[PDB]
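The structure appears right after this line, and notes come after that.
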Amino acid sequence: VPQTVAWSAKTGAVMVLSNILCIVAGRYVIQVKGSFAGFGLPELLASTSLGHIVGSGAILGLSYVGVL
Amino acid sequence: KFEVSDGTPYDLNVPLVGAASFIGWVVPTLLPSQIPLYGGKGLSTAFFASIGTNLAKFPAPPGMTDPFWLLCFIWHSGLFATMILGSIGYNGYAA
Amino acid sequence: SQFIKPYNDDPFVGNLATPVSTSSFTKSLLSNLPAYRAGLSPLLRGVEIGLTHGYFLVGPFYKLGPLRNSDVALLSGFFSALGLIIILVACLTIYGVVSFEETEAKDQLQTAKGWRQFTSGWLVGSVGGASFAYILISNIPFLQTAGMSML
Amino acid sequence: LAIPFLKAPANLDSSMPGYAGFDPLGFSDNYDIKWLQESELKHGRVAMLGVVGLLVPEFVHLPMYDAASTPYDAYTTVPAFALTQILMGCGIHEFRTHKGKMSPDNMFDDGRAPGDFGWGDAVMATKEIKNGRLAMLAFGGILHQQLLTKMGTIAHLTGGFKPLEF
Amino acid sequence: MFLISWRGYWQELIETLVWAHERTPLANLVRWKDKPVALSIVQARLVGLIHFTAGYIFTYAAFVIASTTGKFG
Amino acid sequence: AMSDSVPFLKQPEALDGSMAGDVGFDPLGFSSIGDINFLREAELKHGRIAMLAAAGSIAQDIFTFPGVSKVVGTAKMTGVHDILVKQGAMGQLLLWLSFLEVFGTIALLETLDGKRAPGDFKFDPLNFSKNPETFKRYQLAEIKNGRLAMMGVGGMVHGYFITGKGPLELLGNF
Amino acid sequence: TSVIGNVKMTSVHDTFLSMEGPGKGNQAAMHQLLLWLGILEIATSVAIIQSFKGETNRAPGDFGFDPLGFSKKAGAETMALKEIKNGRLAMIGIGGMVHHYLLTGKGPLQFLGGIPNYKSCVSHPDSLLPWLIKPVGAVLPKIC
Ligand code: CLA
Ligand code: CLA
Ligand code: CLA
Ligand code: CLA
Ligand code: CLA
Ligand SMILES: CC1=C(C#C/C(C)=C/C=C/C(C)=C/C=C/C=C(C)/C=C/C=C(\C)C#CC2=C(C)C[C@@H](O)CC2(C)C)C(C)(C)C[C@H](O)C1
Ligand SMILES: CC1=C(C#C/C(C)=C/C=C/C(C)=C/C=C/C=C(C)/C=C/C=C(\C)C#CC2=C(C)C[C@@H](O)CC2(C)C)C(C)(C)C[C@H](O)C1
Ligand SMILES: CC1=C(C#C/C(C)=C/C=C/C(C)=C/C=C/C=C(C)/C=C/C=C(C)/C=C/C2=C(C)CCCC2(C)C)C(C)(C)C[C@H](O)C1
Ligand SMILES: CC1=CCCC(C)(C)[C@H]1/C=C/C(C)=C/C=C/C(C)=C/C=C/C=C(C)/C=C/C=C(C)/C=C/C1=C(C)CCCC1(C)C
């Protein structure tokens, strides 16, 4: 079984970083919606949902490879 | 002046597409893995080592359970995918 | 950038100009084949085509025939190839008899005299190519075992 | 002029600070030049700060934290909420030094130059660009050596200087 | 096959084959003297009847001779 | 009409005689299939690599750098490669030559457009070729020594495969 | 003779080839000859193809090989006749000498000096086409 870790501040840091990266990426690449003008609740929900998806994948992968 | 059709001159860009696709497929596949198929090496390096091992045993072909066939199939599959995508990107966009 | 165009710039003919059909590689290969290469008499077209086809005809008969496990496997395979060559020459002859009218023109394949010249060249080339394959397999042990002599 | 056997970059001029005619790939021909110069200056300044931040923690330490043996290792031993706070503070500083126009085609529309934030010769700009360009590669070297040897930079240089392997 | 499938399907297949032979290099040098067509309706009924009848006769003849030979001879 | 190197063959169409070392030698007609500039850039790269390999085979027979004999022992030529794949020297060489050859690939893109002479990397720091006549003489000498070096490296490595000695030791212990 | 022994005319080809090949032996004499002659013959093939189609007005058999300038000498207008005549004569002569070695095993000079060659036949190995000498015993007299 691949090693997963208990919740810590590192897990929170990775999740927060992935969420913020996905929020900025969603600001830049979403075609149909000063830089945060037009920023609405569905776009925030989509970006934070991708942020949990990317953060979960990154946390599981870094726990797999030993970076924790 | 290679015509790809009756009256359609087209640049195949075989040197660039071949070189760029080879480098862009080989370099990511230098990532090592500890599985016995790779033997501690990357996919490209395990493939090259298997080539050397089986060329050291000429006439005698690699056996069915030998990792050469799986390494060759995966490496050439990824290489062909890279060559197709590189031909698409460079011949179409050109920028 | 379109790769498929109407054939011969004619949109109503029953053909399309495709990379497989009309590229530079395809045009060079087709124009350099002996059936289409310029400057050849029909007899020499027959000679080249017959040499190639009669040369490769020996192999399947030698390796897979009913006498393949006997010491006379190559002799039987060559004889079977020669019989197939004679049958195909008869086919060529009757095709030319029923297909062409007797005309003065003799420099083209699709004339009566031209087809007779092509048939003569194909017979001589097929016999020569089959005999060459027989000689090479008879004298080289690599060809007898299809490479297994190296093991 | 940097690479004489390749053609000169058409989107490059000697007026640009640190110009050497060095763009063999042609990033300037495909991306906005002002965006590239702004990114180069920010990567530069951040790498200069990182070069200093990988050297000085080897000798002095803040008592509020635990002294990591390697100055690169400090992100693994301090609380990670420190790093999250540094991220958020850097983000508000990006929002404040800019006017909220943190995107291409929003930047430079005030006639803003690439890299100026109102903190101050054009020989000085070249000095900036070169001392940031050097600091980027130097930072890469210092980080990867401190990661591979698990020891400080000056400790590596003065004592042992063993070859790095992984 | 000749009693269930009927003509127009086979005629359209033969049309595609005629196109293929006319457009194939090194084979369009060879030309038919008679145009290839599908078998006619009555002809196909007759040919299916002939194959059917021959199968009937040969199957039962083989069965009756071999069964009587195996049991008694 | 006829070639100079092979007098009984018609002169190749893609060979005008402008490139250095052009004696009309293309009996198989490879310049009619491939681009002449691509083939010339390949010829110069193979020849320059062969010049370095020939000089290196001779010098590695003559002397080794300090500390090399600790790692390689008595291994010579080809036998070094495997050993120094493990030590890491060949990896560093592969890395930096690949880095240079990325810009070499861009240079190949320049020469396939017709905007760059094949093999021209503008690398003359010492200004040996300041006279176009001396430049022509140096181009002829470069291509002749490159082809001779290709032959030489073939001979040296296959003589080492046969005897295991190396070039100069085979010249001495024959 | 330390490599191949006392074989004279066609058993040299056979003996060398018996000792030629990776694994089979150490010689490469006939293979080296085949390699360099095949390079020359491919370069000749291109010339034959060019002269056949008419792209070149070169004479048949002319390779431009006259380093000593005998064409610019006197009496060179009959050299082609002497070449073709001695060529045909050598064709017949080597056919003679090979079919003499296949029966007596001597070689040319011993065969010329040993005029009753069926009274003293040198023992020689069978050629690489031994089936062709099979009718000599049964069908033919087999004087030797
Ligand atoms: C910090 C970044 C990070 C890191 C280090 C990793 C690391 C890893 N991830 Mg992970 N991941 C990340 C971010 C990261 N991930 C993110 C952001 C996401 C998005 C949520 C994911 C989503 C993800 C999934 C969903 C899975 C991983 C898995 C893995 C492990 C892969 C094991 C392996 O060899 O692959 C396997 C290598 C293969 C070659 C297998 C082939 C896989 C399928 C069967 C083939 C499908 C391809 C198909 C044929 C189509 C191709 C045809 C084409 C021509 C069209 C590895 C430890 C896997 C895992 O945890 O396994 C235990 C896994 O299932 N990752
Ligand atoms: C396998 C490697 C690979 C991949 C994934 C891409 C992908 C891409 N290239 Mg690209 N490229 C490659 C190799 C590759 N390239 C090489 C080798 C060259 C040099 C010859 C180029 C030169 C090139 C140019 C010059 C340009 C691109 C562009 C693009 C983008 C849009 C055009 C396109 O092909 O979309 C392909 C779309 C997808 C891949 C996404 C769909 C996903 C599905 C599942 C298909 C993917 C198949 C499969 C999963 C791939 C597996 C890869 C394999 C190695 C494992 C896209 C992101 C253009 C662009 O706008 O980008 C800047 C552009 O201008 N490329
Ligand atoms: C907007 C203003 C603001 C505020 C209110 C804070 C507040 C805080 N920062 Mg912070 N910071 C800011 C701006 C701000 N920051 C900026 C602009 C930057 C630069 C980008 C930073 C960079 C930064 C770093 C790098 C670090 C902090 C840390 C901290 C925490 C210190 C207390 C602690 O460790 O207990 C933890 C506090 C909580 C769990 C929640 C607060 C609950 C109460 C108030 C705690 C009381 C603690 C008390 C003061 C001291 C207890 C020990 C005492 C006996 C000595 C605290 C929550 C440190 C930290 O996160 O440590 C964990 C740390 O290392 N900050
Ligand atoms: C090599 C160091 C160096 C140099 C020469 C400059 C030079 C310049 N910077 Mg700059 N900068 C640097 C480092 C440097 N910076 C670093 C590390 C950061 C990140 C904190 C910044 C962040 C920054 C911003 C945000 C801005 C500038 C700007 C400017 C320009 C102001 C014009 C002016 O008033 O002229 C007079 C210039 C000077 C007198 C230069 C002062 C630099 C002194 C010499 C450095 C002192 C060295 C000293 C040892 C420091 C101790 C550090 C030690 C602990 C390691 C000028 C070209 C502004 C500009 O117009 O953008 C281009 C601007 O908006 N810089
Ligand atoms: C094809 C070229 C080639 C290759 C692959 C090798 C490979 C090798 N050499 Mg060798 N060598 C070469 C050429 C080559 N050599 C040349 C040309 C010489 C000098 C005549 C030497 C002299 C030499 C010695 C003395 C030793 C090696 C050794 C080695 C081994 C370890 C690497 C090392 O320390 O190299 C060191 C080699 C050098 C420092 C020579 C560098 C010369 C450069 C390449 C000349 C070109 C510079 C040029 C002006 C700039 C180009 C600009 C660019 C834009 C084109 C390795 C197997 C060592 C070993 O293991 O011995 C068995 C060792 O002790 N080499
Ligand atoms: C361009 C640039 C310059 C640069 C430069 C570069 C560095 C130029 C350096 C060049 C050298 C490397 C040329 C090497 C040629 C080697 C061949 C010809 C000899 C081959 C041996 C054969 C005959 C053999 C072998 C034989 C057989 C096979 C096996 C053996 O048993 C025996 C034997 C040995 C006899 C400089 C720096 C000056 C500056 C300038 O401003 C511009
Ligand atoms: C091109 C030209 C030149 C060239 C040249 C050189 C290479 C010319 C080389 C020439 C060869 C050697 C001429 C050989 C002729 C052989 C025939 C006539 C005799 C045949 C045997 C007879 C029939 C017999 C037999 C007999 C019977 C059968 C059986 C036996 O028992 C007895 C016996 C043996 C008597 C050079 C290089 C100078 C340069 C110049 O610028 C260009
Ligand atoms: C090396 C090697 C081998 C070999 C071999 C070789 C080299 C064998 C033999 C080769 C050749 C070329 C034989 C030629 C025979 C020529 C004849 C009979 C000519 C008759 C001419 C006449 C009658 C002319 C008549 C005439 C004509 C036309 C014109 C008028 C005058 C007149 C005289 C009437 C093997 C096979 C042993 C195998 C071994 O493993 C390897
Ligand atoms: C492999 C290759 C790679 C993949 C793609 C690919 C292209 C499809 C594929 C090719 C497969 C195919 C296409 C390979 C190509 C194949 C063909 C079958 C080769 C035929 C050669 C015929 C020669 C040798 C006979 C020559 C005549 C000799 C000299 C005769 C002398 C005779 C004359 C009459 C005079 C009398 C003496 C005798 C002896 C009787």
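Just so it is clear, the values below take in all heavy atoms, side chains as well, and ignore hydrogens, waters and symmetry mates. Here is how names work: the chains are called A, B, and so on, in the same order as the sequence lines, proteins then strands, and each is numbered from 1.
Side-chain contact annotation: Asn37(F) with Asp35(F), donor-acceptor N/O pair under 3.5 Å present. Defined by atom type and a distance below 3.5 Å, a donor-acceptor pair is missing between the side-chain atoms of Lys33(E) and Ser99(C). Side-chain polar atoms of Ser87(B) and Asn91(B) form a donor-acceptor pair below 3.5 angstrom.
Applying the salt bridge (charged side-chain N to carboxylate O under 4.0 Å, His left out) test to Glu13(F) and every residue at least two apart in sequence or in another chain returns nothing. Residues satisfying the ring-ring contact (aromatic ring centres under 6.0 Å, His included) criterion with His51(E), sequence neighbours excluded, are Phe2(E).
Aromatic ring orientation, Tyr95(C) versus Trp115(C): tilted (interplanar angle from 30° to 60°). By the 30° and 60° cut-offs, the orientation of the rings of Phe63(E) relative to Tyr60(E) is tilted.
The shortest side-chain heavy-atom distance between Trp69(B) and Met64(B) does not fall under the 4.5 Å cut-off. Inter-residue side-chain proximity for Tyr7(C) and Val13(C) is flagged as met; some heavy-atom pair is nearer than 4.5 Å.
Cation-pi geometry between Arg45(C) and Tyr36(C) is not met: the NZ or CZ atom fails to fall both under 6.0 Å from the ring centre and inside 45° of the normal.
Salt-bridge formation is detected for the pair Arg37(C)/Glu48(C): a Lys NZ or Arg NE/NH1/NH2 atom is positioned less than 4.0 Å from an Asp or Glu carboxylate oxygen. The pair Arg7(E)-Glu12(E) does not meet the salt-bridge criterion, since no charged nitrogen lies less than 4.0 angstrom from a carboxylate oxygen. Taking 4.0 Å as the cut-off between side-chain N and carboxylate O, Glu22(E) and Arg31(E) do not count as a salt-bridged pair. Contact check on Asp6(B) versus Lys27(C) returns a salt bridge, with a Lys/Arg side-chain nitrogen under 4.0 Å from an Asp/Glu carboxylate oxygen.
A distance of 6.0 Å or more separates the ring centres of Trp122(C) and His53(C). For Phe2(B) and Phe25(C), the distance between ring centers is not under 6.0 angstrom.
Expressed to the nearest 0.5 Å, how far CD of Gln108(C) lies from OG of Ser41(C) amounts to 11.5 Å.
With hydrogens and angles disregarded, no donor-acceptor distance shorter than 3.5 Å links the side chain of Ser3(F) to the backbone of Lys10(F).
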